[PDB]
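For reference, the structure discussed in these notes is given below.
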Amino acid sequence: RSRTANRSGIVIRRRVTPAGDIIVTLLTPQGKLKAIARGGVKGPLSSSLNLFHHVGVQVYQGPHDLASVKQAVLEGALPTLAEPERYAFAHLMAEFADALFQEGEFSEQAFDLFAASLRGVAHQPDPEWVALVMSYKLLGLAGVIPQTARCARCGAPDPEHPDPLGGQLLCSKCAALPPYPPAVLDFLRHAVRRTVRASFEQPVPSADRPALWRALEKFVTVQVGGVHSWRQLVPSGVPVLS
Amino acid sequence: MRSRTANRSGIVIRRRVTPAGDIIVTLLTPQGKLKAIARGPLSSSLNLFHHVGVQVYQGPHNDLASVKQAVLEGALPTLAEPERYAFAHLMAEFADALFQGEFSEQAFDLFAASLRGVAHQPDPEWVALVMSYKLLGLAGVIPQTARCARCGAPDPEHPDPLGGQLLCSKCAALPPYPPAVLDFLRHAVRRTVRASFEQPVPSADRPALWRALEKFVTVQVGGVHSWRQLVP
Ligand SMILES: [Zn+2]
Ligand SMILES: [Zn+2]
């Protein structure tokens with residue numbers, strides 16, 4: 001066999017190093033990939049290795065630890081991601097996906113769903129809704145265990161209330177907060193199993209979305225280790241003025 | 001706070017959402033540290049590291065100032081990158097612990113700049129080292145590096161395991177610091193942040209810098225440390 005390999009995926013992070021190297025993380029159908037393009041800023045590879053580009057790369061893994069990029073070819077771009085609102089949601093999906101899947105957990109199915117999330121944010125009228133739908137859908141492919149059929153505390157069937165401690169759901173007896181409204185509940189109960197096409201057709205109104213983002217944040221942070229810096233990108237206000 | 005209602009602007013450095021849904025925050029502002037609660041509608045959810053404008057009410061019956069309005073003034077999206085987030089978190093904890101009414105307009109501007117640097121520069125670890133020492137300068141604290149910490153002899157070159165300053169060759173038990181480390185310890189507090197940015201200490205020598213800072217702050221500064229847990 002050989003120490004050089006062809007890989008293909010989407011750039012989710014780009015670091016320009018003090019030496020002018022470019023360190024990228026990619027999501028690919030064969031897993032997460034970190035690699036360095038040496039003297040990359042000042043040569044032919046700089047523009048291709050940018051956020052959200054689908055690139056083909058030839059990488060070399062030395063015998064003894066970061067893979068080095070020998071060639072890079074742009075396979076796919078979404079120019080509309082330069083629109084600030086779309087960029088923001090693409091960026092959320094990128095950091096969220098990286099946070100959600102630990103090393104080895106990132107499958108081909110996850111790659112395909114991730115790529116579709118970027119297409120959706122790039123092309124659809126309501127990119128926040130794409131990101132809500134896709135982020136919940138990715139829970140089904142990862143190491144967390146979604147559980148909406150029983151109260152997270154006592155086990156009672158069909159809980160309808162927020163779970164501030166674990167980010168699941170509580171029954172009316174275990175809960176100190178009012179029930180989620182019906183469209184929120186319906187989303188929470190079915191978002192993992194429902195096709196993304198089906199979910200895109202049933203958007204939850206904007207007023208009910210903070211509840212959805214909050215539940216997602218609590219659940220992921222309780223279930224998955226890490227810093228969950230991706231929460232910096234969850235919708236949290238519109239900037240004032242320039 | 002020297003009135004009941006007030007308009008304030010700063011950066012959220014700590015954020016907790018209570019089981020009841022209340023957001024409790026600490027802000028650094030040009031007029032000092034401000035702790036506040038948003039009960040439960042607001043224009044901004046007061047996210048960590050965001051620069052926000054708030055209107056707060058504080059009367060004689062409230063423990064914490066109560067947030068009545070909040071708008072986002074600006075955000076640094078690249079703080080979403082785990083490594084940059086970690087250094088921003090370090091800076092936040094640092095300034096919380098370091099500034100006991102001590103926190104001034106200039107400290108605010110330096111703090112904000114530390115976040116921008118962490119967000120935007122290729123070497124966030126370096127931004128954090130430089131900014132931490134710089135902030136010591138604007139606080140009560142100040143490493144005396146001009147003189148041996150034990151006997152007072154001028155221009156000490158050796159580690160100070162007990163206090164994180166510097167010892168002279170006659171009081172010291174350890175070999176002298178490398179020249180680049182020494183140069184930084186002597187001048188980091190007064191050098192402009194830009195000049196320090198142009199002279200990064202190599203990474204092999206940085207653990208000696210973190211160890212001195214941490215020792216000096218422990219000895220000189222009140223409150224234990226959440227901050228210490230995040231030092232590299
Ligand atoms: Zn129950
Ligand atoms: Zn001495």
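Following the order of the structure tokens, chains are lettered A, B, ..., residues in each are numbered from 1, and ligands are numbered from 1.
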Any residue with an atom at most 8 Å from ligand 2 counts, using only C-alpha atoms and all ligand atoms. Which are they? Put them as a short mmCIF file (atom, residue, chain, number, x, y, z; two decimals) with N, CA, C and O atoms, in the first residue's frame.
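Result file follows (selection_33.cif):
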```cif
data_model
loop_
_atom_site.label_atom_id
_atom_site.label_comp_id
_atom_site.auth_asym_id
_atom_site.auth_seq_id
_atom_site.Cartn_x
_atom_site.Cartn_y
_atom_site.Cartn_z
N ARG B 147 13.95 44.41 40.02
CA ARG B 147 14.70 44.09 41.23
C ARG B 147 14.44 42.70 41.81
O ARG B 147 13.30 42.23 41.81
N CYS B 148 15.47 42.10 42.40
CA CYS B 148 15.32 40.78 43.02
C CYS B 148 14.16 40.86 44.00
O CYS B 148 14.07 41.83 44.74
N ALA B 149 13.28 39.86 44.00
CA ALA B 149 12.11 39.85 44.87
C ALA B 149 12.46 39.56 46.33
O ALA B 149 11.63 39.75 47.21
N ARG B 150 13.65 39.01 46.58
CA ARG B 150 14.09 38.69 47.93
C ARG B 150 14.94 39.83 48.47
O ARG B 150 14.55 40.47 49.45
N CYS B 151 16.03 40.16 47.79
CA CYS B 151 16.96 41.16 48.32
C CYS B 151 16.93 42.54 47.69
O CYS B 151 17.58 43.44 48.22
N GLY B 152 16.25 42.69 46.55
CA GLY B 152 16.16 43.99 45.90
C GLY B 152 17.25 44.33 44.90
O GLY B 152 17.22 45.43 44.35
N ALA B 153 18.20 43.43 44.65
CA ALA B 153 19.32 43.68 43.74
C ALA B 153 18.76 43.97 42.35
O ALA B 153 17.86 43.26 41.92
N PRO B 156 17.48 41.24 38.05
CA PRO B 156 17.52 39.80 38.26
C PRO B 156 17.23 38.96 37.01
O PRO B 156 16.42 39.39 36.16
N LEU B 167 14.37 36.36 40.73
CA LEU B 167 15.45 36.38 41.73
C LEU B 167 16.82 36.68 41.12
O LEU B 167 17.08 36.41 39.94
N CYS B 168 17.72 37.24 41.92
CA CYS B 168 19.09 37.50 41.47
C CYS B 168 19.85 36.19 41.62
O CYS B 168 19.33 35.25 42.22
N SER B 169 21.05 36.13 41.05
CA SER B 169 21.83 34.89 40.98
C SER B 169 22.21 34.39 42.38
O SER B 169 22.36 33.19 42.57
N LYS B 170 22.32 35.28 43.36
CA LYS B 170 22.68 34.91 44.73
C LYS B 170 21.54 34.41 45.60
O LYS B 170 21.76 33.64 46.54
N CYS B 171 20.30 34.78 45.28
CA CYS B 171 19.14 34.26 45.98
C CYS B 171 18.52 33.05 45.28
O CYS B 171 17.77 32.31 45.90
N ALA B 172 18.82 32.86 43.99
CA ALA B 172 18.20 31.82 43.17
C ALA B 172 18.81 30.43 43.35
O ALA B 172 20.02 30.30 43.56
#
```
Counting only C-alpha atoms, collect the residues of chain B whose closest atom lies at most 12 Å from chain A, and write them out as an MDAnalysis selection string. chainID B and resid 12 15:22 40:53 70:89 119:126 197:200 202 230
7 Å from ligand 1 is the threshold here; counting only C-alpha atoms and all ligand atoms, which polymer residues fall inside it? Answer as a PyMOL selection string. chain A and resi 151-156+170-174
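If you look at CA of residue 12 in chain A and CA of residue 51 in chain A, they are 5.5 Å away from each other.
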Step one, run DSSP on the backbone; step two, keep only residues of range 104-171 of chain A assigned to strand (DSSP E or B); then write them as a compact mmCIF listing (two decimals) with C-alpha atoms, in the first residue's frame.
```
# COMPACT_ATOMS: atom_id res chain seq x y z
CA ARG A 150 -40.63 8.93 28.34
CA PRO A 157 -45.05 8.15 28.71
CA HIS A 161 -42.39 19.73 29.18
CA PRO A 162 -38.90 21.23 29.01
CA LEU A 169 -38.42 16.12 28.18
CA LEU A 170 -40.27 15.94 31.54
```
Can you check which residues of range 2-204 of chain B DSSP gives as helix (DSSP H, G or I) on the backbone and send them as a VMD selection string? chain B and resid 77 to 80 82 to 98 105 to 120 124 to 138 179 to 187 193 to 197 203 to 204
Restricting it to C-alpha atoms, dump the selection as a tab-separated table (two decimals), in the first residue's frame.
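out_35.tsv, written as the output of this step:
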```
chain	number	residue	atom	x	y	z
B	77	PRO	CA	-17.86	34.67	15.15
B	78	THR	CA	-14.41	33.02	15.01
B	79	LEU	CA	-14.56	32.66	18.77
B	80	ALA	CA	-16.70	29.65	17.81
B	82	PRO	CA	-12.61	25.67	19.96
B	83	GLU	CA	-9.02	26.89	20.45
B	84	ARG	CA	-9.96	30.53	20.10
B	85	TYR	CA	-12.93	30.00	22.43
B	86	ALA	CA	-10.62	28.52	25.06
B	87	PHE	CA	-8.28	31.52	25.07
B	88	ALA	CA	-11.20	33.96	25.12
B	89	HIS	CA	-12.58	32.05	28.12
B	90	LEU	CA	-9.16	32.32	29.76
B	91	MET	CA	-9.09	36.07	29.18
B	92	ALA	CA	-12.60	36.46	30.61
B	93	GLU	CA	-11.85	34.48	33.78
B	94	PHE	CA	-8.56	36.34	34.07
B	95	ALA	CA	-10.14	39.76	34.04
B	96	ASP	CA	-12.94	38.71	36.35
B	97	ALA	CA	-10.54	37.49	39.04
B	98	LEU	CA	-7.99	40.22	38.42
B	105	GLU	CA	-12.01	52.64	30.33
B	106	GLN	CA	-8.46	51.67	29.39
B	107	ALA	CA	-8.83	48.16	30.87
B	108	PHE	CA	-12.04	47.74	28.89
B	109	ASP	CA	-10.31	48.74	25.64
B	110	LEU	CA	-7.41	46.41	26.34
B	111	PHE	CA	-9.74	43.55	27.24
B	112	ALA	CA	-11.81	44.07	24.06
B	113	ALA	CA	-8.59	44.10	22.07
B	114	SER	CA	-7.50	40.78	23.64
B	115	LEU	CA	-10.70	39.21	22.37
B	116	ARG	CA	-10.21	40.68	18.89
B	117	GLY	CA	-6.67	39.33	18.85
B	118	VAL	CA	-7.69	35.89	20.04
B	119	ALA	CA	-10.39	35.97	17.36
B	120	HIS	CA	-8.29	37.15	14.45
B	124	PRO	CA	-3.98	33.20	20.03
B	125	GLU	CA	-1.82	31.70	22.79
B	126	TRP	CA	0.61	34.56	22.20
B	127	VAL	CA	-2.18	37.18	22.29
B	128	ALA	CA	-3.33	35.74	25.62
B	129	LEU	CA	0.15	35.80	27.16
B	130	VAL	CA	0.79	39.38	26.10
B	131	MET	CA	-2.63	40.64	27.07
B	132	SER	CA	-2.58	38.96	30.47
B	133	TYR	CA	0.69	40.73	31.42
B	134	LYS	CA	-0.57	44.00	29.95
B	135	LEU	CA	-3.76	43.82	32.01
B	136	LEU	CA	-1.68	43.24	35.19
B	137	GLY	CA	-0.33	46.70	34.45
B	138	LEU	CA	-3.75	48.37	34.38
B	179	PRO	CA	17.09	35.68	26.98
B	180	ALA	CA	13.76	35.80	25.11
B	181	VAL	CA	11.80	34.82	28.24
B	182	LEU	CA	13.75	37.37	30.27
B	183	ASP	CA	13.20	40.08	27.72
B	184	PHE	CA	9.46	39.45	27.85
B	185	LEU	CA	9.17	39.28	31.64
B	186	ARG	CA	11.02	42.60	31.93
B	187	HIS	CA	9.12	44.46	29.25
B	193	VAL	CA	0.79	45.15	22.52
B	194	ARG	CA	1.72	45.65	18.91
B	195	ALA	CA	5.47	45.61	19.70
B	196	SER	CA	5.04	42.45	21.75
B	197	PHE	CA	2.99	40.89	18.92
B	203	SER	CA	6.63	27.84	22.01
B	204	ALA	CA	9.22	25.73	23.85
```
So which residues touch range 182-190 of chain A within 12 Å, counting only C-alpha atoms, skipping near sequence neighbours fewer than 6 positions away, as a ChimeraX atom specification? /A:129,132-133,135-137,139-140,146-150,158-162,167-170,196,198-216,219
The residue from A:8, A:143, A:106, A:89 with the smallest atom-to-atom distance to residue 128 in chain A, counting only C-alpha atoms, is A:89
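Closest approach to residue 178 in chain B among B:225, B:206, B:8, B:61: B:206, based on only C-alpha atoms.
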Could you name the residues that touch residue 80 in chain A at 10 Å or less, counting only C-alpha atoms, but leaving out those on the same chain fewer than 3 positions away, as a PyMOL selection string? chain A and resi 77+83-87+119+121-123
Atoms kept (N, CA and C atoms) for selection, written as a compact mmCIF listing (two decimals), in the first residue's frame:
```
# COMPACT_ATOMS: atom_id res chain seq x y z
N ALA A 77 -18.39 24.68 -4.98
CA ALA A 77 -18.51 25.88 -4.16
C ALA A 77 -19.96 26.34 -4.15
N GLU A 83 -23.23 35.57 1.39
CA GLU A 83 -24.25 36.39 2.02
C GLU A 83 -24.16 36.20 3.54
N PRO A 84 -24.06 37.29 4.31
CA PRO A 84 -23.80 37.18 5.75
C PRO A 84 -24.71 36.27 6.58
N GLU A 85 -26.01 36.27 6.31
CA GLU A 85 -26.93 35.41 7.04
C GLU A 85 -26.71 33.92 6.73
N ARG A 86 -26.48 33.62 5.46
CA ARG A 86 -26.18 32.26 5.02
C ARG A 86 -24.83 31.81 5.54
N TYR A 87 -23.81 32.66 5.45
CA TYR A 87 -22.51 32.35 6.01
C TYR A 87 -22.64 31.93 7.48
N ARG A 119 -25.89 23.05 1.29
CA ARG A 119 -26.72 23.35 0.13
C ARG A 119 -28.02 24.04 0.53
N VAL A 121 -28.70 25.76 3.30
CA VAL A 121 -28.44 27.08 3.85
C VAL A 121 -28.09 28.03 2.71
N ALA A 122 -27.43 27.48 1.69
CA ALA A 122 -27.02 28.29 0.54
C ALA A 122 -28.21 28.64 -0.35
N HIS A 123 -29.20 27.76 -0.46
CA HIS A 123 -30.26 27.90 -1.47
C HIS A 123 -31.68 28.17 -1.02
```
Could you pull the residues within 10 Å of residue 142 in chain A, counting only C-alpha atoms, minus those fewer than 3 positions along the same chain, as a ChimeraX atom specification? /A:97,100-102,105-107,110,137-139,145-146,224
